[PDB]
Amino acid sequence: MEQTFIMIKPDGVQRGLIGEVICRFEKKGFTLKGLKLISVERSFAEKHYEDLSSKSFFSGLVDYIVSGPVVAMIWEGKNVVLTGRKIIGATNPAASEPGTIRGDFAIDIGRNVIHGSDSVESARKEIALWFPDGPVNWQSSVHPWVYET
């Protein structure tokens, strides 16, 4: 029942990796509770990167996340946050293993295709910011076959 935030960055969308990303999370057995294609404003990007406002690269991170539309999502499942980080792969694309998203598609650390919350409380902040209206709640009929009880 845990939830994490997953976002396909501008390059992920430009490189036509949207469907592929979602397939990984779907096959794994997680539940999509949020999804949308959106372009970010300056104010939002900065707030999303708030915890870095005082960094050399801050201005860059904003310019980029706004240089194109992105796909925001909410994924729910046991250990979805850590599992999600595992599926995505190492932050530095050169260290990510084949089989992970960044491992199979990313090369440059600045065009690392996607983002995933780093922690549970981190996913909470991220989800509230990106999904003010809340989650889309539904139950999967395959659920008794993905979990015990």
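Residue numbers here begin at 1 and follow the sequence given.
(request) Between 52-60 and 97-105, name whichever shows the higher mean Cα B factor according to the PDB entry. (result) Result: 52-60.
(request) Report the stretch with the higher mean CA temperature factor, choosing between 88-96 and 29-37 on the basis of the entry. (result) Here the higher of the two C-alpha B-factor means belongs to 88-96.
(request) Please place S43 in the lowest, middle or highest third of its chain by C-alpha B factor as given in the entry. (result) Its C-alpha B-factor belongs to the highest third of this chain's values.
(message) Test of reading the entry: by CA B factor among the chain's modelled residues, which third contains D11?
(response) CA B-factor rank for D11: middle third.
(request) For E126, return the chain-relative third of its C-alpha B-factor as stated in the PDB record: lowest, middle or highest. (result) Middle third, going by the recorded CA B-factors of the chain.
(message) Lowest, middle or highest third: which one holds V113 when the chain's residues are ordered by CA B-factor from the entry?
(response) Middle third.
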